[PDB]
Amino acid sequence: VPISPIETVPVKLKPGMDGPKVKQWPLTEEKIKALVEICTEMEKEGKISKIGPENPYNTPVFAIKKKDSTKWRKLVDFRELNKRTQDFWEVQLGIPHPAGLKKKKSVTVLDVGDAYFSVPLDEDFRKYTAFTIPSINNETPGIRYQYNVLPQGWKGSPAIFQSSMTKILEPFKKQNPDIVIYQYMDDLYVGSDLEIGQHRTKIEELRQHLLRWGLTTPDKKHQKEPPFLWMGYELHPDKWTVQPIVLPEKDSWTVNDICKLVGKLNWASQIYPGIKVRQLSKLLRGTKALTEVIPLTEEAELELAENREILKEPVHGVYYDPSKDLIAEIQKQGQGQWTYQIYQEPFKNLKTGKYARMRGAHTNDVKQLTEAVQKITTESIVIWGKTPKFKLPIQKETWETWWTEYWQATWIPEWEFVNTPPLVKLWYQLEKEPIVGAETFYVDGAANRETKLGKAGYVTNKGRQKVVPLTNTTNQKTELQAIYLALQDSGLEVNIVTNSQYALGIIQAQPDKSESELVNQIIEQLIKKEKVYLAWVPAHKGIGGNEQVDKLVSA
């Protein structure tokens, strides 16, 4: 067996474990011919070699069809080998995005044919990649081979190829610094500001440089004229767009069909602005079977018809220009949904997106806006390496009031106010000092762990009083219930004294939405008020009427 020009990667097994010893699956006669034809061809090219009875290892093997081709792909079920193979640190940190590309004069895209089969495997590791190929007869013992290159299906093949491919490209990038080479597996995006004359030469220099190491660049996969097909996009000299997305038109929707629908809508949201998957994702909650048929809700049918109409019109993204600033603008779409656009010139979007994660049981629009700003920031640093300037639908005084008074550290980068309704504001403000001439409500509430029964009420300074019995409640729900009573039975200005750290910790965060209906009713009451002052006192200390009302709501 000849020596490959590429240096090999030393691979070990985990300490104290032996190679795989698994029996072959029964294969169809149409896949048997597809494997024997490929195995006898890879043996002639030095990619697999015969082995005798001295190799006590074996692993299953099969083959699947290639998309839009009569050729077959050989895959090995290395599930047992991957468990006992050493762990690898993947070098593929992410996925490149076309919005991060810069305008180049000449662009060329090429693909290396049979990428894994052109990189050698470690000499001492070839013994563990032993497999059997069944013949057309079950009584024939079959031919046993072992891999000399990177097999497809092994957990170390992609990590080894990406690092081996980078080492070959480094001397070319070191001699040609101005050439931009986007390396992703076998796909090579090569761009340059050189003239179209010298560009073809550098490409042929690269096709010969890669040829010296056993990497073939077939002219079939060679691309010289736009639009280029790269990473699932269509690269035009001035714009880009995703390859055509096809949504299923099922008359009866299953759970797996919704997952394919949500998955393509999330993929479409990167350039198609305004895609919403709120009511469609509500179909996946609390469901068990993937094949279970589920009818579309009225709010889900309306959301699907809107996403279908957005995909009718053509959209396109531009390329990144380092000479001009980066701008991101967010819009409050639905309840809990946010959309943003990143651009450098008006209406020329580099990319779009959406943020809709619900964090916590109680939240407001300012918190969700801050979470969206952070998602856009980290996403922008990945693609462009810088934080964009933000145009946020929140008044400058609204934000200044929020972060200065909040007890947690919060901050938003350099931003400016854009007047695009609906605006984000704080729906109520708790006073910092007690309100003079306002009725002071001493509220309290308790419950029994066994009977699930409790009381909730208040006592004021003007003699006002109320106690309400509650069924199937807890200590926390009663203390929230006592504050809700004081809000209902008071004027526009009211002081409220409670001994509940739980109820106080929720209201002070100024929420405008909650998963609890009792909290949403407290919020609606706080919005109707003009001045609300909450205060906390320790319980069981005989404080004010908080001891008199504790005794009334004890049972």
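Numbers follow the displayed sequence, beginning with 1.
When the C-alpha B-factors of 461-469 and 331-339 are averaged, 331-339 comes out higher.
Comparing the deposited coordinates for 23-31 and 499-507, the stretch with the larger average C-alpha B-factor is 23-31.
For the set 257, 345, 234, 204, the PDB entry assigns the largest Cα B-factor to 257. Residues shown: 396, 282, 209, 452. Highest C-alpha temperature factor in the entry: 282. Annotation for residue 356: C-alpha temperature factor in the middle third relative to the rest of the modelled chain, per the entry. For residue 120, the recorded CA B-factor ranks within the middle third of the chain. Only modelled residues enter the ranking.
Split the chain's modelled residues into thirds by C-alpha temperature factor. Residue 385 is in the lowest one. When the modelled residues of the chain are ordered by C-alpha B-factor, residue 444 sits in the lowest third.
Residue 306: CA B factor lies in the highest third for its chain, per the PDB record.
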